[PDB]
There are 2 protein chains.
Amino acid sequence: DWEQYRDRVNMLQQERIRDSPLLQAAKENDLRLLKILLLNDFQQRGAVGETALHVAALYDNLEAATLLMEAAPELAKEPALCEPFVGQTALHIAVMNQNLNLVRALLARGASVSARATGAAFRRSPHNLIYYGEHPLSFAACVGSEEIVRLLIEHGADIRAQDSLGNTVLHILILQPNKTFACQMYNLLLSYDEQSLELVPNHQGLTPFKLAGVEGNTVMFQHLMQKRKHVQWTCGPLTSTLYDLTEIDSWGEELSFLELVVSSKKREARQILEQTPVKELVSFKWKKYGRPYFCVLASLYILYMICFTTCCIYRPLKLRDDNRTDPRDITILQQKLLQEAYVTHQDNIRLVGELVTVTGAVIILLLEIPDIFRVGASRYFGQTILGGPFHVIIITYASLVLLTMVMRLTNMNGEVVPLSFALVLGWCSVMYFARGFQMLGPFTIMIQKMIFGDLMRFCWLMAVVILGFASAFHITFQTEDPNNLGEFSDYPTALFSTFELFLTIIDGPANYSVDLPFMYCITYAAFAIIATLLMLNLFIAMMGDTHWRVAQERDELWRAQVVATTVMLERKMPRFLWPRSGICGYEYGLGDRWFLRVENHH
Amino acid sequence: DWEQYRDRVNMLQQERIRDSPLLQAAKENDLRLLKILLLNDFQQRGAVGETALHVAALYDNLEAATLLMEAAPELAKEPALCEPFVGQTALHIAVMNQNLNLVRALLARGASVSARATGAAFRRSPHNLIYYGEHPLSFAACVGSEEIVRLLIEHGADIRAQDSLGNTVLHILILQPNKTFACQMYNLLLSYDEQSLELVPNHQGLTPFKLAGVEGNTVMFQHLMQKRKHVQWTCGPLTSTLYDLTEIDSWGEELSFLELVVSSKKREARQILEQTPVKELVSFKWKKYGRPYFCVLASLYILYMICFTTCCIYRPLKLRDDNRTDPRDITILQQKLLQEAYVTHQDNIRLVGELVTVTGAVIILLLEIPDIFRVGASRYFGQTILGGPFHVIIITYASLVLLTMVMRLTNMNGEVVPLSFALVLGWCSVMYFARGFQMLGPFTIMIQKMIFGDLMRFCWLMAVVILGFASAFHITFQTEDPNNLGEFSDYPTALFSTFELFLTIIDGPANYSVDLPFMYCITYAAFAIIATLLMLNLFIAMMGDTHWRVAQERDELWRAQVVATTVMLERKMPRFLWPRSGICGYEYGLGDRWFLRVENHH
Ligand SMILES: CC(C)[C@@H](C)/C=C/[C@@H](C)[C@H]1CC[C@H]2C3=CC=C4C[C@@H](O)CC[C@]4(C)[C@H]3CC[C@]12C
Ligand SMILES: CC(C)[C@@H](C)/C=C/[C@@H](C)[C@H]1CC[C@H]2C3=CC=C4C[C@@H](O)CC[C@]4(C)[C@H]3CC[C@]12C
Ligand SMILES: CC(C)[C@@H](C)/C=C/[C@@H](C)[C@H]1CC[C@H]2C3=CC=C4C[C@@H](O)CC[C@]4(C)[C@H]3CC[C@]12C
Ligand SMILES: CC(C)[C@@H](C)/C=C/[C@@H](C)[C@H]1CC[C@H]2C3=CC=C4C[C@@H](O)CC[C@]4(C)[C@H]3CC[C@]12C
């Protein structure tokens, strides 16, 4: 694995230092021995192709480093050579150690300011505890050294330089934990840009501004907004400000800033939506267009489900041609064949409802399937914010409807099976529209967080308890007459009865007109204590204990689902229903830009 | 008892001081009277064989002590003589009182630095509020007096000296509450050791390092780690450190450090497992070997339970030879005798499943019973962390399986009884494997903490309520026809029905075709209010109120169960499946030691 390999690389590096007297002296800073060694091989390389001057820079030994450079000035220009450290120079190491005097001493000897630390230790990865890109300037900026950054710019470090992810030093600063020092560095780097470095995309296609949204860097986002706002006036406690919408509203682009924020896997990304500019734009969009249109789509989908339900109530059945020869058989009706299912005016009225049902199932797939491809299936079905579990069940519903149509056209028996699933999944998918309402939306997120959390854990241990007790009840009743107590008469019935008895949805079996086996009363007393008194009430207790913890995240997720709905509706609906948001600058001599005006009290 | 004896010892001591003018003067420090007394018996002894110089040292009376020593220098060498205080000298007392000048005055007169306070007041026990071992140096160290410790070392106090538990001053310092001052003292004492005192075991077989793990002394453990770590390099925000695994991983030893920590009765011991070295070693062991092998053992045990369950479903039964002459008798099948139970190919297929069932029951006892002997039964079955309640039920399961085999071989009727218990206990023991999963493990600890806590308290008061109401319902129905209401027709049925009615698992008995006794409606209304409205819902309330309090400990116990599982699997499984953990130093010129490399951000 990567851990045992990186560990071995570090062990070999330390051994090759111990085993080589020049590298050992470069580590210890014992100038005595280092003078004797250098007085009479300077190109000695440690385990990763690093020089004695890399070793001196790592241990921050300026005296050993200057003594090595006086003996062999060429060492300042040397990269390391083996996979984790490829392209790392002594300048990269000195910059990480913030040794300004060693950085001056290396630059005075022509250490390259444009050298790339290409190796696996510098790539953005869960394997690496930091990501500073590949260039000495990016290292100096992430390390927070203003003076080393100026010094590197004065030696001609290219501020536009991009690493193997396409990230510029501005993208790399958005990715750092030290957000306030990163904002101070971001102004310093923007000062040397006199087309802008803020507009350069990485290989994901993201500008620094879009990356601050995706990564949920609210401190860098509100900093980037200071160059995109204009204060129109202040009057006593009131200010009117005008915010440039260009990089937020993302007009005509296939993948907007707001879509990149609501579809981001970073939990912090949803905090960008609470910023004054994003929140007030998405609140306006939801008030004026999103809620009205989402209420119309909720209404149309409910009418479509009432239509489909009515087609199931009026489903074509006839008297069974076969005989109920078995006394346990209760089936009296049967499916009509296709050639006898469409005869009456009522069958033609149902054919219109069935054609509406099939048309809406086709429309669901035409609306759903392209968004799987845009978003990618694991992000599309996985994200709560986008509607993930509802997309699974609405596609499953449309698939079961089209399967049922194939069964109807082919005289296939058993339409009850896909129709019963489609009635449950079709109606449960009406809970998708709960996101439009503050009353229902946060509660629908609790339902989901309880299904994937507490209900999952419970059903795993509940199933183990049901297997034990169903088997004990079944073998307890194997010797007894099934007509006097039916609940455990075969093993599938014993499982189902034990499941219903666990949940207390069927009464505990009793028949006071006969002697039940004594082992039933013993087993059922233990079951009643374990399943109903303890586990069924402990479920309520652990749900109550989850509920108060999850409640703050439930509300943050609901507010983000409203924005994701707004972004989805504006993307998918006809543009004549969604007029461009904010204020057109061309009406006021401000150019082609669009704005949001926010007036606030302070 | 010990309390009334120690109290009497203290009362007699104070009386013998009051009754003896020299000891009374040694307590008061009235040098006037003490001069008159000493001018013309110095060997006067208080209630515990203590001298007037012990009394002067106890009351911290340096002037009386020096005046007593000037009259009788031999008193500095005297021990106390009666059971609680045997071997205590005036030096032990002066050291506890931190009187450096009295310690100098006693050492100047040859008070023994190697004297042992052998008496019952100095032994590690719940009877004693402190434990400083038996020697003046251990007293000075636990009292925290650096200057008295140096002074005693300068007078030749043996730093290797061991008390009646085999504890050295280092072991005794791990046992003190003042952990940060104890670490400062631990460095001072290690400085005089120039085979090491850190390697000396006590009579439990524990070194100071193992004792810090067992006692959960995380402050002393992280201090002891500072002499067992090497910083390989630091580069900007990153450091790589190498930790010596020798005393943690405990190779080839019959009882490891990690086993001593997970099996400790101290609740603080589980905090040692969260230290960087222990946590990262046990996390690696669990990731690479523990979880994969525990998932295989979970799978094999579930397949074994499905096999046993199938042998119970296909259990050999025939039509009853006897007649159902009683109209209340519902038994229609009976056990086959052994000589008719193995005839068909299906019986031979079941014999293979029954031989697998018996083989796994023998294997369970071969795996379980030796670990009872290693750990000791009360620690083995008592500890949640080790699997205690699951070890009880898995041994009970294997015992019921082997009992059932003896019943099968002997034509003994009633195999339903041990098989019904074995099906419940065998399946409920699958919850042992819940510890391997973050989803199920903490919840399985809540199940256990609720069974032993809230369910226990509830079942005690619930039983008292059922006894009252079952008796009232039984005598209410004694005069009435059992065929019209069967629930209370005899006292065992009335108990069982009242138990099912308490839990609301059977419907309240009613028969609108007859007049029930009016006393039933009155009694059942009171029962319905007390049992179902109040107590059954108050159970949910007290569980909810336990759940939020226990939730932090539940997670700490789960994280410790994962480590205990890892330690158990590595101990019990073949060593070719468990390669030695960490980094072999011999590959890198570091010797025979093994290491963990931890790289961290700061
Ligand atoms: C035998 C059939 C009828 C079985 C398989 C049916 C199961 C359905 C009812 C289950 C499967 C997944 C469940 C489910 C998935 C996720 C969510 C999202 C949550 O925010 C609201 C509830 C909701 C919508 C629930 C409702 C009930 C569903 C849809
Ligand atoms: C406890 C958790 C794990 C939940 C999810 C599981 C419930 C189990 C016990 C349920 C789920 C569906 C149930 C089920 C489905 C349908 C039938 C067909 C019927 O003719 C006999 C019973 C039988 C075979 C029952 C047995 C019990 C089952 C398998
Ligand atoms: C009449 C028989 C069937 C009676 C005696 C059976 C009782 C069983 C089901 C009881 C006895 C002890 C109970 C028990 C003991 C302790 C634990 C550990 C806990 O972390 C998970 C639940 C678990 C495993 C439960 C499950 C149910 C058990 C095993
Ligand atoms: C309320 C708590 C204390 C729980 C643990 C106790 C429940 C009691 C009421 C249960 C446990 C087992 C039950 C029980 C076992 C088996 C039988 C044999 C049956 O032919 C008559 C009823 C009888 C005798 C009932 C009576 C009620 C008992 C004794």
# chains A, B, ... in the order shown; residues from 1 in each chain; ligands from 1

$ residues_near_ligand --ligand "ligand 4" --cutoff "9 Å" --atoms "only C-alpha atoms and all ligand atoms" --output "PyMOL selection string"
(chain A and resi 515-526+529) or (chain B and resi 456+458-467+490-500+502)

$ select_by_dssp --residues "region 71-141 of chain B" --states "helix (DSSP H, G or I)" --output "PyMOL selection string"
chain B and resi 71+73-77+83-85+90-96+100-107+120-122+136-141

$ interface_residues --of "chain A" --to "chain B" --cutoff "6 Å" --atoms "only C-alpha atoms" --output "PDB file with C-alpha atoms, in the first residue's frame"
ATOM      1  CA  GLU A  15      19.839   5.185   6.195  1.00  0.00           C
ATOM      2  CA  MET A  96       9.140  25.354   3.157  1.00  0.00           C
ATOM      3  CA  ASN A  97      11.591  25.880   6.056  1.00  0.00           C
ATOM      4  CA  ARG A 457     -28.583  -0.399  12.333  1.00  0.00           C
ATOM      5  CA  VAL A 464     -30.744 -11.609  13.872  1.00  0.00           C
ATOM      6  CA  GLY A 468     -33.422 -16.919  16.437  1.00  0.00           C
ATOM      7  CA  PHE A 469     -36.995 -16.580  17.662  1.00  0.00           C
ATOM      8  CA  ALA A 472     -37.509 -21.514  18.082  1.00  0.00           C
ATOM      9  CA  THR A 479     -45.362 -31.275  16.619  1.00  0.00           C
ATOM     10  CA  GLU A 480     -48.714 -29.450  17.064  1.00  0.00           C
ATOM     11  CA  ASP A 481     -51.875 -29.259  14.895  1.00  0.00           C
ATOM     12  CA  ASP A 507     -51.473 -10.137  18.496  1.00  0.00           C
ATOM     13  CA  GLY A 508     -49.432 -12.681  20.470  1.00  0.00           C
ATOM     14  CA  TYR A 512     -57.364 -20.857  25.506  1.00  0.00           C
ATOM     15  CA  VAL A 514     -56.271 -25.950  23.825  1.00  0.00           C
ATOM     16  CA  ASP A 515     -52.966 -26.692  25.598  1.00  0.00           C
ATOM     17  CA  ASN A 537     -38.515   1.148  22.661  1.00  0.00           C
ATOM     18  CA  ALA A 541     -34.757   6.314  22.353  1.00  0.00           C
ATOM     19  CA  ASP A 545     -31.077  10.987  20.621  1.00  0.00           C
TER      20      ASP A 545
END

$ residues_around --residues "residue 36 (chain B)" --least-positions-apart "6" --cutoff "12 Å" --atoms "only C-alpha atoms" --output "list in words"
residues 21, 22, 25, 30, 67, 68 and 71 of chain B

$ residues_around --residues "region 269-275 of chain B" --least-positions-apart "3" --cutoff "7 Å" --atoms "only C-alpha atoms" --output "NGL selection string"
:B and (213-216 or 218 or 261-262 or 264 or 266 or 278-279 or 560)

$ write_last_selection --atoms "C-alpha atoms" --output "compact mmCIF listing (two decimals), in the first residue's frame"
# COMPACT_ATOMS: atom_id res chain seq x y z
CA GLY B 213 -0.92 1.20 30.35
CA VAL B 214 -2.89 -0.93 32.89
CA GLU B 215 -3.60 2.08 35.17
CA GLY B 216 -4.58 4.33 32.21
CA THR B 218 -1.98 8.75 29.74
CA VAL B 261 -4.62 -2.44 28.43
CA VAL B 262 -7.81 -3.94 26.82
CA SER B 264 -7.69 -3.83 32.52
CA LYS B 266 -9.53 0.60 35.14
CA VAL B 278 -0.96 2.68 20.29
CA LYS B 279 -3.88 4.09 18.23
CA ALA B 560 -11.82 -0.21 22.69

$ residues_around --residues "residue 276 (chain A)" --least-positions-apart "4" --cutoff "9 Å" --atoms "only C-alpha atoms" --output "list in words"
residues 222, 280, 281 and 598 of chain A

$ write_last_selection --atoms "N, CA and C atoms" --output "short mmCIF file (atom, residue, chain, number, x, y, z; two decimals), in the first residue's frame"
data_model
loop_
_atom_site.label_atom_id
_atom_site.label_comp_id
_atom_site.auth_asym_id
_atom_site.auth_seq_id
_atom_site.Cartn_x
_atom_site.Cartn_y
_atom_site.Cartn_z
N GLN A 222 -15.96 35.71 0.53
CA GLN A 222 -16.31 37.06 0.96
C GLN A 222 -15.16 38.06 0.74
N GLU A 280 -29.12 36.14 -1.33
CA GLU A 280 -30.15 37.11 -1.81
C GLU A 280 -30.49 36.88 -3.28
N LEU A 281 -29.57 36.40 -4.11
CA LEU A 281 -29.92 36.07 -5.51
C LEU A 281 -30.80 34.82 -5.54
N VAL A 598 -28.08 45.27 -2.89
CA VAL A 598 -28.38 44.90 -1.51
C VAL A 598 -28.30 46.15 -0.66
#

$ atom_distance --atom1 "CA of residue 478 (chain A)" --atom2 "CA of residue 501 (chain A)"
18.7 Å

$ residues_around --residues "residue 190 (chain B)" --least-positions-apart "6" --cutoff "10 Å" --atoms "only C-alpha atoms" --output "ChimeraX atom specification"
/B:159,170,196-198

$ atom_distance --atom1 "atom 15 (C, counted along the ligand's line) of ligand 1" --atom2 "CA of residue 550 (chain A)"
18.0 Å

$ select_by_dssp --residues "region 171-258 of chain B" --states "strand (DSSP E or B)" --output "ChimeraX atom specification"
/B:229-235,238-244

$ residues_around --residues "region 134-140 of chain B" --least-positions-apart "4" --cutoff "10 Å" --atoms "only C-alpha atoms" --output "compact mmCIF listing (two decimals) with N, CA, C and O atoms, in the first residue's frame"
# COMPACT_ATOMS: atom_id res chain seq x y z
N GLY B 87 7.47 -0.87 61.23
CA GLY B 87 8.63 -0.44 60.46
C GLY B 87 8.68 1.04 60.13
O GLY B 87 9.70 1.51 59.64
N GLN B 88 7.62 1.81 60.41
CA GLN B 88 7.62 3.25 60.21
C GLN B 88 8.63 3.91 61.16
O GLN B 88 8.57 3.72 62.37
N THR B 89 9.55 4.70 60.64
CA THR B 89 10.53 5.46 61.41
C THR B 89 10.14 6.94 61.47
O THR B 89 9.30 7.39 60.70
N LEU B 91 11.94 9.19 60.24
CA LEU B 91 12.33 9.63 58.90
C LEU B 91 11.18 9.54 57.90
O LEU B 91 10.92 10.51 57.20
N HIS B 92 10.43 8.43 57.88
CA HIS B 92 9.22 8.30 57.05
C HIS B 92 8.22 9.44 57.31
O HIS B 92 7.68 10.02 56.37
N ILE B 93 8.01 9.78 58.58
CA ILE B 93 7.07 10.83 58.99
C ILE B 93 7.59 12.22 58.60
O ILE B 93 6.84 13.01 58.02
N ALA B 94 8.86 12.52 58.86
CA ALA B 94 9.47 13.80 58.49
C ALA B 94 9.43 14.05 56.98
O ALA B 94 9.15 15.16 56.54
N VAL B 95 9.67 13.00 56.18
CA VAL B 95 9.59 13.04 54.72
C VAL B 95 8.17 13.33 54.24
O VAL B 95 7.99 14.19 53.38
N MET B 96 7.14 12.68 54.81
CA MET B 96 5.74 13.02 54.50
C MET B 96 5.39 14.46 54.86
O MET B 96 4.75 15.15 54.08
N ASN B 97 5.84 14.95 56.01
CA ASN B 97 5.67 16.34 56.41
C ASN B 97 6.59 17.33 55.66
O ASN B 97 6.54 18.52 55.95
N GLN B 98 7.40 16.88 54.70
CA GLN B 98 8.34 17.70 53.92
C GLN B 98 9.31 18.54 54.76
O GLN B 98 9.81 19.56 54.30
N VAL B 103 14.56 16.06 58.35
CA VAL B 103 15.19 15.00 57.55
C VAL B 103 16.71 15.08 57.63
O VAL B 103 17.35 14.08 57.95
N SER B 112 17.92 5.25 59.11
CA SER B 112 18.16 4.40 57.94
C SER B 112 17.32 4.82 56.72
O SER B 112 16.10 4.71 56.73
N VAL B 113 17.99 5.22 55.64
CA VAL B 113 17.36 5.51 54.34
C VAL B 113 16.73 4.28 53.68
O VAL B 113 15.92 4.43 52.77
N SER B 114 17.08 3.06 54.11
CA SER B 114 16.57 1.79 53.57
C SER B 114 15.51 1.13 54.46
O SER B 114 15.10 0.00 54.20
N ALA B 115 15.02 1.81 55.51
CA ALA B 115 13.98 1.30 56.39
C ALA B 115 12.64 1.09 55.66
O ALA B 115 12.19 1.96 54.91
N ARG B 116 11.96 -0.04 55.90
CA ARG B 116 10.68 -0.37 55.26
C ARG B 116 9.50 -0.21 56.21
O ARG B 116 9.41 -0.90 57.22
N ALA B 117 8.57 0.66 55.85
CA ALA B 117 7.27 0.81 56.50
C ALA B 117 6.35 -0.36 56.12
O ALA B 117 5.41 -0.22 55.34
N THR B 118 6.65 -1.55 56.64
CA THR B 118 5.97 -2.83 56.36
C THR B 118 4.49 -2.87 56.76
O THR B 118 3.75 -3.71 56.25
N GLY B 119 4.04 -2.02 57.69
CA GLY B 119 2.72 -2.09 58.30
C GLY B 119 1.52 -1.90 57.37
O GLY B 119 1.62 -1.37 56.26
N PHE B 122 0.47 1.25 55.06
CA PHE B 122 1.30 1.60 53.91
C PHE B 122 1.07 0.72 52.68
O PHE B 122 1.58 1.03 51.61
N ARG B 123 0.23 -0.29 52.82
CA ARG B 123 -0.01 -1.24 51.71
C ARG B 123 -1.01 -0.64 50.72
O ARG B 123 -1.87 0.11 51.16
N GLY B 144 6.53 14.68 46.32
CA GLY B 144 6.97 15.62 45.29
C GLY B 144 8.16 16.49 45.70
O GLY B 144 8.37 17.55 45.12
N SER B 145 8.92 16.08 46.71
CA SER B 145 10.06 16.84 47.21
C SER B 145 11.35 16.43 46.51
O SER B 145 12.03 15.49 46.91
N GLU B 146 11.71 17.17 45.46
CA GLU B 146 12.97 17.00 44.74
C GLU B 146 14.17 17.09 45.68
O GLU B 146 15.08 16.28 45.61
N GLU B 147 14.17 18.06 46.59
CA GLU B 147 15.31 18.30 47.48
C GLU B 147 15.48 17.20 48.52
O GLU B 147 16.60 16.75 48.75
N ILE B 148 14.39 16.68 49.10
CA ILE B 148 14.46 15.51 49.98
C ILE B 148 14.85 14.26 49.18
O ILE B 148 15.65 13.47 49.68
N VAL B 149 14.38 14.08 47.94
CA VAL B 149 14.83 12.96 47.10
C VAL B 149 16.33 13.03 46.84
O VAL B 149 17.02 12.04 47.07
N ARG B 150 16.86 14.18 46.44
CA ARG B 150 18.33 14.28 46.24
C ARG B 150 19.04 13.98 47.56
O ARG B 150 19.97 13.17 47.55
N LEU B 151 18.62 14.62 48.66
CA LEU B 151 19.24 14.40 49.97
C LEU B 151 19.27 12.92 50.38
O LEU B 151 20.28 12.45 50.90
N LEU B 152 18.19 12.18 50.15
CA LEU B 152 18.12 10.74 50.43
C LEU B 152 19.03 9.93 49.49
O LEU B 152 19.69 9.01 49.95
N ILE B 153 19.10 10.27 48.20
CA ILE B 153 20.04 9.65 47.26
C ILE B 153 21.49 9.93 47.68
O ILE B 153 22.31 9.02 47.70
N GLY B 156 22.49 7.63 50.21
CA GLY B 156 22.58 6.26 49.70
C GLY B 156 21.28 5.47 49.71
O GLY B 156 21.33 4.24 49.80
N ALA B 157 20.12 6.13 49.64
CA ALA B 157 18.84 5.45 49.44
C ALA B 157 18.86 4.64 48.13
O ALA B 157 19.11 5.18 47.06
N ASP B 158 18.60 3.33 48.21
CA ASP B 158 18.62 2.46 47.03
C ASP B 158 17.42 2.76 46.12
O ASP B 158 16.28 2.41 46.42
N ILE B 159 17.68 3.37 44.97
CA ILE B 159 16.64 3.72 44.00
C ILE B 159 15.97 2.50 43.35
O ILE B 159 14.85 2.59 42.88
N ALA B 161 15.08 -0.15 45.14
CA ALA B 161 14.38 -0.84 46.22
C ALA B 161 12.91 -1.12 45.87
O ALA B 161 12.21 -0.27 45.33
N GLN B 162 12.44 -2.32 46.20
CA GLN B 162 11.08 -2.80 45.92
C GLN B 162 10.32 -3.06 47.21
O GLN B 162 10.88 -3.56 48.18
N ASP B 163 9.04 -2.73 47.24
CA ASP B 163 8.16 -2.99 48.38
C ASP B 163 7.49 -4.38 48.34
O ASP B 163 7.85 -5.23 47.52
N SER B 164 6.52 -4.65 49.21
CA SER B 164 5.81 -5.93 49.28
C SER B 164 4.96 -6.28 48.04
O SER B 164 4.57 -7.44 47.90
N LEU B 165 4.68 -5.34 47.14
CA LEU B 165 4.06 -5.59 45.83
C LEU B 165 5.11 -5.74 44.72
O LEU B 165 4.77 -5.95 43.56
N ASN B 167 6.90 -3.23 43.80
CA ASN B 167 6.92 -1.94 43.13
C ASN B 167 8.19 -1.16 43.51
O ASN B 167 8.50 -0.99 44.68
N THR B 168 8.90 -0.68 42.50
CA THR B 168 9.96 0.33 42.63
C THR B 168 9.35 1.73 42.71
O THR B 168 8.19 1.93 42.34
N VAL B 169 10.12 2.73 43.10
CA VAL B 169 9.66 4.13 43.11
C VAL B 169 9.09 4.59 41.77
O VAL B 169 8.14 5.36 41.75
N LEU B 170 9.55 4.06 40.63
CA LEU B 170 8.97 4.36 39.32
C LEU B 170 7.55 3.82 39.18
O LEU B 170 6.66 4.56 38.79
N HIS B 171 7.29 2.56 39.56
CA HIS B 171 5.94 2.01 39.60
C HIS B 171 5.03 2.81 40.52
O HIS B 171 3.89 3.10 40.18
N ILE B 172 5.53 3.20 41.69
CA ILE B 172 4.77 3.94 42.68
C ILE B 172 4.43 5.34 42.15
O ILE B 172 3.30 5.79 42.34
N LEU B 173 5.31 6.01 41.41
CA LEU B 173 5.01 7.30 40.78
C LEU B 173 3.94 7.23 39.69
O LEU B 173 3.16 8.17 39.54
N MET B 185 9.38 14.23 38.73
CA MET B 185 10.06 13.30 39.62
C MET B 185 10.64 12.08 38.90
O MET B 185 11.73 11.63 39.22
N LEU B 189 14.56 10.73 39.05
CA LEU B 189 14.92 9.37 39.46
C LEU B 189 15.61 8.58 38.34
O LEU B 189 16.63 7.94 38.60

$ atom_distance --atom1 "CA of residue 131 (chain B)" --atom2 "CA of residue 174 (chain B)"
11.0 Å

$ decode --residues "region 32-44 of chain A" --atoms "N, CA, C and O atoms" --output "PDB file, in the first residue's frame"
ATOM      1  N   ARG A  32      33.403  21.301  10.843  1.00  0.00           N
ATOM      2  CA  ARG A  32      34.755  20.712  10.918  1.00  0.00           C
ATOM      3  C   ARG A  32      34.862  19.576   9.905  1.00  0.00           C
ATOM      4  O   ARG A  32      35.647  19.710   8.955  1.00  0.00           O
ATOM      5  N   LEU A  33      34.116  18.498  10.111  1.00  0.00           N
ATOM      6  CA  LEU A  33      34.174  17.335   9.225  1.00  0.00           C
ATOM      7  C   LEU A  33      33.802  17.718   7.789  1.00  0.00           C
ATOM      8  O   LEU A  33      34.449  17.270   6.846  1.00  0.00           O
ATOM      9  N   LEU A  34      32.800  18.579   7.611  1.00  0.00           N
ATOM     10  CA  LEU A  34      32.347  18.982   6.284  1.00  0.00           C
ATOM     11  C   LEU A  34      33.457  19.690   5.484  1.00  0.00           C
ATOM     12  O   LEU A  34      33.648  19.374   4.313  1.00  0.00           O
ATOM     13  N   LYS A  35      34.268  20.547   6.119  1.00  0.00           N
ATOM     14  CA  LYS A  35      35.475  21.139   5.517  1.00  0.00           C
ATOM     15  C   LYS A  35      36.485  20.074   5.087  1.00  0.00           C
ATOM     16  O   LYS A  35      36.937  20.101   3.949  1.00  0.00           O
ATOM     17  N   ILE A  36      36.814  19.119   5.958  1.00  0.00           N
ATOM     18  CA  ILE A  36      37.749  18.026   5.646  1.00  0.00           C
ATOM     19  C   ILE A  36      37.255  17.195   4.451  1.00  0.00           C
ATOM     20  O   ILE A  36      38.036  16.886   3.554  1.00  0.00           O
ATOM     21  N   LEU A  37      35.960  16.870   4.398  1.00  0.00           N
ATOM     22  CA  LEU A  37      35.364  16.124   3.288  1.00  0.00           C
ATOM     23  C   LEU A  37      35.407  16.912   1.971  1.00  0.00           C
ATOM     24  O   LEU A  37      35.796  16.364   0.942  1.00  0.00           O
ATOM     25  N   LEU A  38      35.031  18.191   1.992  1.00  0.00           N
ATOM     26  CA  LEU A  38      34.965  19.035   0.795  1.00  0.00           C
ATOM     27  C   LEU A  38      36.335  19.509   0.292  1.00  0.00           C
ATOM     28  O   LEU A  38      36.477  19.803  -0.894  1.00  0.00           O
ATOM     29  N   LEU A  39      37.357  19.535   1.153  1.00  0.00           N
ATOM     30  CA  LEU A  39      38.745  19.816   0.770  1.00  0.00           C
ATOM     31  C   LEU A  39      39.295  18.780  -0.228  1.00  0.00           C
ATOM     32  O   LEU A  39      40.056  19.139  -1.125  1.00  0.00           O
ATOM     33  N   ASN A  40      38.865  17.518  -0.123  1.00  0.00           N
ATOM     34  CA  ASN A  40      39.066  16.482  -1.144  1.00  0.00           C
ATOM     35  C   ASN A  40      38.001  15.374  -1.046  1.00  0.00           C
ATOM     36  O   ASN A  40      38.164  14.381  -0.333  1.00  0.00           O
ATOM     37  N   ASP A  41      33.155  13.282  -3.177  1.00  0.00           N
ATOM     38  CA  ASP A  41      32.253  13.469  -4.311  1.00  0.00           C
ATOM     39  C   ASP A  41      31.050  14.364  -3.951  1.00  0.00           C
ATOM     40  O   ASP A  41      30.162  13.960  -3.202  1.00  0.00           O
ATOM     41  N   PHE A  42      30.967  15.566  -4.522  1.00  0.00           N
ATOM     42  CA  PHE A  42      29.868  16.506  -4.265  1.00  0.00           C
ATOM     43  C   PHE A  42      28.515  16.032  -4.814  1.00  0.00           C
ATOM     44  O   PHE A  42      27.467  16.421  -4.306  1.00  0.00           O
ATOM     45  N   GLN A  43      28.522  15.186  -5.846  1.00  0.00           N
ATOM     46  CA  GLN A  43      27.331  14.627  -6.493  1.00  0.00           C
ATOM     47  C   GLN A  43      26.811  13.349  -5.803  1.00  0.00           C
ATOM     48  O   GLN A  43      26.019  12.611  -6.389  1.00  0.00           O
ATOM     49  N   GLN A  44      27.208  13.083  -4.551  1.00  0.00           N
ATOM     50  CA  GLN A  44      26.586  12.055  -3.712  1.00  0.00           C
ATOM     51  C   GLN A  44      25.069  12.256  -3.635  1.00  0.00           C
ATOM     52  O   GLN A  44      24.598  13.353  -3.325  1.00  0.00           O
TER      53      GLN A  44
END
